[PDB]
Structures are given as structure tokens and as C-alpha cells.
Amino acid sequence: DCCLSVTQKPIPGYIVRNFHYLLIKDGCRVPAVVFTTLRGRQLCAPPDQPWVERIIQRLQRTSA
């Protein structure tokens with residue numbers, strides 16, 4: 001179990017430092033998108049929610 005708790009509800013973009021994708025083999029039951037907050041809190045998010053794609057598309061434009 002790699003996710004203490006998936007969030008149902010949208011996280012504000014401005015809170016998110018970055019994302020990483022974790023697989024079964026990473027020690028997860030199901031694959032998970034992990035958002036790391038500015039404070040360093042891991043928030044697992046549902047890969048199928050448009051609000052998750054939506055944050056990742058900003059981390060992509062503002063990226064590096």
C-alpha cells in the first residue's frame with residue numbers, strides 16, 4: 001500500500017510542487033498519481049479525474 005490516502009476532491013494547482021506516477025511494482029495495489037505539496041505532503045489522486053490531468057498539464061507548461 002503506497003498511498004496513505006487518495007483524495008476524492010480537487011487540490012488547488014498553486015499547492016502542487018510536482019507529481020510522480022507510482023505502479024503496482026512501486027509497492028501500490030493500483031497505479032497512483034502522487035502530488036507533492038509545497039510543504040512536501042504526498043497526496044495520491046485518482047488517475048481518471050479530469051482535475052488531476054488538469055494540474056499535470058500546468059506542471060507541464062510551467063515545467064523545466
Side-chain angles (χ1 to χ4, degrees), residues 2-62 64:
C2 70
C3 282
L4 231 6
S5 175
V6 176
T7 178
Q8 304 329 96
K9 303 281 175 313
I11 290 150
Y14 60 76
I15 297 303
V16 188
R17 144 163 317 107
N18 219 343
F19 87 99
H20 39 116
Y21 189 57
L22 289 194
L23 283 51
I24 305 88
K25 206 196 180 7
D26 290 333
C28 312
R29 311 253 101 125
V30 296
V33 170
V34 178
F35 283 136
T36 307
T37 72
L38 293 173
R39 293 317 296 280
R41 187 183 189 189
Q42 308 308 320
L43 290 189
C44 294
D48 75 347
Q49 285 292 356
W51 70 262
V52 177
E53 174 172 6
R54 199 144 63 217
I55 294 167
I56 269 136
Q57 284 170 336
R58 313 199 209 93
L59 294 167
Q60 223 186 311
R61 288 175 294 173
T62 55

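The first residue in the sequence is number 1, and the count goes up from there. The basis for the numbers below is simple: all heavy atoms, side chains too, and nothing from hydrogens, waters or symmetry mates.
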Minimum side-chain heavy-atom gap [X]-[Y] below 4.5 Å:
X     : Y     : answer
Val34 : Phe19 : no
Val30 : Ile24 : no
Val16 : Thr37 : no
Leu22 : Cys2  : yes

Hey, could you give me the [atom1]/[atom2] distance between [X] and [Y], rounded to the nearest 0.5 Å?
X     : Y     : atom1 : atom2 : result
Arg41 : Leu4  : CZ    : CG    : 9.0 Å
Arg58 : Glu53 : CZ    : CD    : 11.0 Å
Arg54 : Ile11 : CZ    : CD1   : 12.5 Å
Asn18 : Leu38 : CG    : CG    : 10.5 Å
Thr36 : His20 : OG1   : NE2   : 3.5 Å

Separation of SG atoms, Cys28 and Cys3, below 2.5 Å: no

If you take all heavy atoms of [X] and [Y], which pair is closest and at what distance?
X     : Y     : answer
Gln8  : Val6  : OE1-O, 3.3 Å
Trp51 : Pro46 : CZ2-CD, 3.9 Å
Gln57 : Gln60 : O-CB, 3.5 Å

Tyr14-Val52 co-clustered via ILVMFWY side chain contacts under 4.5 Å: yes

Co-membership, hydrophobic cluster, residues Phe35 and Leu23, 4.5 Å side-chain: yes

Side-chain donor or acceptor of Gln42 paired with backbone N/O of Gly40 under 3.5 Å: yes

